[PDB]
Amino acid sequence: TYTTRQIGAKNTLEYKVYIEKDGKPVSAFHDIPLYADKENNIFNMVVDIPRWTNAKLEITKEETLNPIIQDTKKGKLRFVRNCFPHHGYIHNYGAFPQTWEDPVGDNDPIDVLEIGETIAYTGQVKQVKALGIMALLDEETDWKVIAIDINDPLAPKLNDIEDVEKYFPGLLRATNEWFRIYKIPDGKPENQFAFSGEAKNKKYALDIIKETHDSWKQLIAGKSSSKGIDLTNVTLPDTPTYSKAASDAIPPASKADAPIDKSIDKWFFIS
């Protein structure tokens, strides 16, 4: 059973979320299997960001057991701004564990947009099916897997990218727009997509996902060209960086959400 352990108050520099297996902290990057069911390509997704929230939460590669923390720039917490007509993130946003875009590879687990009805929670491990994939150029190659929770009411009817057009008309357009503009309020440029923004299909997506799993397998085995990245894990006994003690060194669960500055409410008109 996977649960979460929260350190500190949400929306602070101290906040961290660790994933627990049967009460014990594990690495969110290394210890969660990529596959929940390999034969049927059911993936475990680590969720970072609930739909319609702003705090830019991510698995941090450089801290032991790779907790989810809030991104910062020059000591300030990062919140993605509201870009009309969007509110915060328009997907449940997360990553596939045991993946790594080996760096042009973007130096992180592959990103996952989960499109189901239920709003997810930070540190949630859900099981998803891949429907397709888009290639954002952010600055670097930054694939976005389009996926759905297998528990979603619609999941049996969604198997490939054309089903997203059928059941979620306009979501692909919104996704294109969102990733193009979302850093414009921060004073960064518009992003660009390869393939004129087209979402490639499931088959194409599985190929890209497999590749990044293979890179991570070389990473965790200590055979990568890995500076900055903590490879401590507590479930892979034959890896150089296995250390069960790491799980025990994590502090106990901590607080109520800290307030978010009212500026984050603002709706920006840059569409």
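Start at 1 and count along the sequence shown; that's the residue number.
*Asks:* Which class describes the count of deposited residues lacking coordinates between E190 and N191: none, 1 to 3, 4 to 9, or 10 or more?
*Replies:* The entry has no gap there; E190 and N191 are joined directly.
*Asks:* Which fits the stretch between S254 and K255: none, 1 to 3, 4 to 9, or 10 or more deposited residues lacking coordinates?
*Replies:* Count of unmodelled residues in between: 1 to 3.
*Asks:* Going by the average Cα B-factor in the PDB entry, point out whether 15-23 or 257-265 comes out higher.
*Replies:* Taking the mean C-alpha B-factor of 15-23 and of 257-265, the larger value falls to 15-23.
*Asks:* So 40-48 or 214-222, which one's hotter by mean CA B-factor in the entry?
*Replies:* For C-alpha atoms only, the mean B-factor is higher in 214-222.
*Asks:* Name the residue from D111, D186, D106, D152 with the greatest C-alpha temperature factor listed in the entry.
*Replies:* Out of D111, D186, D106, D152, the record gives the largest C-alpha B-factor to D106.
*Asks:* Could you tell me which third, lowest, middle or highest, the C-alpha B-factor of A55 occupies within its chain?
*Replies:* Ranked within chain, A55 CA B lands in the lowest tercile.
*Asks:* By the record's CA B-factor, is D138 among the lowest, middle or highest third of residues in the chain?
*Replies:* Highest third, going by the recorded CA B-factors of the chain.
*Asks:* By the record's CA B-factor, is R180 among the lowest, middle or highest third of residues in the chain?
*Replies:* Lowest third.
*Asks:* Where does the C-alpha B-factor of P156 rank in its chain, lowest, middle or highest third?
*Replies:* Highest third, going by the recorded CA B-factors of the chain.
*Asks:* Would the CA B-factor of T235 place it in the lowest, middle or highest third of its chain?
*Replies:* For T235, whose C-alpha B-factor we compare with every modelled residue in the chain, the answer is the highest third.
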